[PDB]
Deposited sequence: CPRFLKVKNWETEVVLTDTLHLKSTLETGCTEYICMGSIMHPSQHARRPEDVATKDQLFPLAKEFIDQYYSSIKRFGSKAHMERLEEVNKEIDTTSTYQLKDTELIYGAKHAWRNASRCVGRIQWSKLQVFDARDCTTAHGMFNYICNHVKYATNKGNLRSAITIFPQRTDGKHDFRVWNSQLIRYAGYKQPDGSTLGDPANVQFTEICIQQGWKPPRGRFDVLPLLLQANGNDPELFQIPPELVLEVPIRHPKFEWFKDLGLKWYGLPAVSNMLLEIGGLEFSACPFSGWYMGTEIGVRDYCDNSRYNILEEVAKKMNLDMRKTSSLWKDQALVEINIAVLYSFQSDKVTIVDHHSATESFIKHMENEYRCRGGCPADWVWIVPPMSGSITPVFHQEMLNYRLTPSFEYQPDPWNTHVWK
């Protein structure tokens, strides 16, 4: 059945037909919704998945049922038959990667989806090769602050024993250190990964903003440490346009958000190492990297310097302090000419993108729980936008952390 979605602010109604093309499950049933749950091959399984993906590719280049399509179908059938897998053409790889982003229901940045620079690293064989590919990625995507979306795609899974993995959750992150006195220096979200790197030979500078090394696994082997050359790591000292004491907080962040722990699924092939990067939405740094209790947790410090009344929560001191931190982050990246988007502009673009997708595609899977920004939700247009969430493929999926599976 066709499904309508209403924006209750504009009264705009869109009609979704695209959800009819999904097959993977969402985790909900008719009786229980799991919309706020973060996480709810063989030749036999492989050809239908390959067929569907090939079908939608040639349908996208408007040569469905062509001779080129027909021959690709048999080429792929014969290759699965004789090798238990197949290899994507370069055109298919690029199309698959763009559409995995296009289909990422949790991403508010998808208006850019077709401007993805795809780096084919399927010829990689060693961790040194991975490090070279990743440095080029970082260098290209950073582009001296004029950030450019990019993905680097390492070889697909074969038997599960020869996976390529970036053990880092993101290419650039700061270290976190469990202090003797109990607390945490650095980033508390990375305390475990930081200890894995120390356990592997990394000499930690035990600072507050120590860039972690890359820990890279090629073809199932033990992972190897690499230091990203610092000139490739663009950082922004966070200052504030009005509070001149803000720079004295000593804060900074990296310019390049680059997810490296996800799995890219295209035509039944699994790319366990596909680091992808874009540019930040300000709240990603300033609401949650700095103000989550289990993160940098600086709200108290900022509210202190703002001389706010912190005895009762109903003074909203946390909310004031939160806004000022996000002002500072936006102002800092913008003053350094480093690409960043505020959550008002990003959600604006997403509503526009949604309208584009409904028009040209028949829908747009979107995860309201993730799309609505972590602050000032209802003064953004997505808060009032009904969204339908469903799973389209190609897709980015979560996978287990490598240190839970790897036989050393």
**OP:** Go through the deposited sequence from residue 1 and tell me which stretches lack C-alpha coordinates, in order.
**Re:** 1-2, 43-52, 421
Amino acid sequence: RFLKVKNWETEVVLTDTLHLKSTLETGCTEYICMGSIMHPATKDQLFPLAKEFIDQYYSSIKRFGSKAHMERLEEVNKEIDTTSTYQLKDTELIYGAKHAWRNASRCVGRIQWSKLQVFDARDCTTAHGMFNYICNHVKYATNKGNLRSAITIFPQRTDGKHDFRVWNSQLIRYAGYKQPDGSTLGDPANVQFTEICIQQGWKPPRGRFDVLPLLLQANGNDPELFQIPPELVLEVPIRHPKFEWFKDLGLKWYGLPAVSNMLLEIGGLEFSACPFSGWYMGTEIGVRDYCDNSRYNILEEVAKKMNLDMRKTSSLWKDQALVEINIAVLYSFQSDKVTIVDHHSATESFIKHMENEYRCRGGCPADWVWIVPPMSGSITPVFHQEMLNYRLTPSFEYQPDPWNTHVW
From here on, numbers count along this sequence of modelled residues.
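Just so we're on the same page, rigid core means the largest C-alpha set that superposes within 1.5 Å between forms.
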**OP:** Just give me the stretch that moves more in 8 other deposited structures of this protein: 204-212 or 279-287, judged by RMS C-alpha distance after a core fit.
**Re:** 279-287
Subject >> Divergent stretch in 8 other deposited structures of this protein, 292-300 or 328-336 [C-alpha RMS, superposed by the core] >> reply: 292-300
Subject >> Between the two ranges 296-304 and 138-146, the one averaging a larger CA B factor in the entry >> reply: 296-304
Original post:
Where do the C-alpha atoms have the higher mean temperature factor in this entry, in 308-316 or in 87-95?
Top reply: 308-316
**OP:** Determine which member of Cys291, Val233, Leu171, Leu264 has the highest CA B-factor, using the values in the deposited entry.
**Re:** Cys291
**OP:** Between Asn356, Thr339, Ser66, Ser36, let me know which has the highest C-alpha B-factor in the entry?
**Re:** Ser66
Original post:
Which third, lowest, middle or highest, does the CA B-factor of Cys364 fall in along this chain?
Top reply: lowest
**OP:** Give the position of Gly250 by CA B-factor within its chain, expressed as the lowest, middle or highest third.
**Re:** highest
**OP:** Report the third (lowest, middle or highest) to which the CA temperature factor of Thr23 belongs, ranking only the modelled residues of the same chain.
**Re:** highest
**OP:** Name the third of the chain's ranked CA B-factors that contains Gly278, choosing lowest, middle or highest.
**Re:** lowest
Original post:
So where's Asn326 on the chain's Cα temperature factor ranking, which third?
Top reply: middle
